[PDB]
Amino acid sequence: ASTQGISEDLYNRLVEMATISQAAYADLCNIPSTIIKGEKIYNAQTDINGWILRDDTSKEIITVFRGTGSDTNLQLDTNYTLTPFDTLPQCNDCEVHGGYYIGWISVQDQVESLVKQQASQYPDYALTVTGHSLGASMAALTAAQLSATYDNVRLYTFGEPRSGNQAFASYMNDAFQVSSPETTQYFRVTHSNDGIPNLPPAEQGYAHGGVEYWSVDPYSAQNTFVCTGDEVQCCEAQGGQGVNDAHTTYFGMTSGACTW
């Protein structure tokens, strides 16, 4: 099921997180002045790049992951082997994208250490996780893990692949109160005919979770649909193939462009 239009406040929030996600491809160029840039999350073997950030105006600790910026990352993006989410064994029968799992395990210890330190210094701040493309699925896996320790986790993804199986989607839907858009803490943002939310195919055992926020052109609050349930609709009905122009440009911002 679907409805058309979101609040300006929600729209501006999605745009803000899309900006951070797209700036992650260029050392967080031109992000708002209200954000303090913390430690760089990095592993050389997987070439996973991200940052922990803090916004004292919105009272959030933000973890952002860069999507693919190297052939090393591409090797992760294109590994569709499902694997048990063994870092979070309380996620029963949960399996995740095998490449993104390899990325996640390479940075888990650093991510968890940084979040723990910052949350201890700022205990009433929300914990927000975000990213685009590969970074979106890194954000999904990270948010799943964090949700088991912290009660105030929010996830904003852009052009997110199917990150795992239905068990994993269901775990995430429960953890992030996805059953109503009024309560959801998981905003799965899609754009027009972006091909990447169609991959890997559901036929290989993959599923999405979250409430889908489907941005149609010309982008605006009024032209963003809210898509709920597991019927084929919205981005996943458009037949987009792979990395197309819709994938690279969310709310008019192209990955790494730095013209915002």
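The first residue of the shown sequence is 1; numbering continues from there.
The mean C-alpha temperature factor is higher for 28-36 when 194-202 and 28-36 are set side by side. When the mean C-alpha temperature factors of 102-110 and 144-152 are read from the deposited coordinates, 144-152 comes out higher. By the numbers in the PDB entry, the CA B factor is greatest at 118 among 163, 72, 79, 118. Among the modelled residues of its chain, residue 66 has a C-alpha B-factor that falls in the lowest third according to the deposited record. The PDB entry assigns residue 185 a C-alpha temperature factor belonging to the middle third of its chain's modelled residues. When the modelled residues of the chain are ordered by their C-alpha B factor, residue 235 lands in the lowest third. The deposited CA B-factor of residue 224 belongs to the middle third of values across its chain. Placement of the Cα temperature factor of residue 130 within the chain: lowest third of the modelled residues, per the deposited record.
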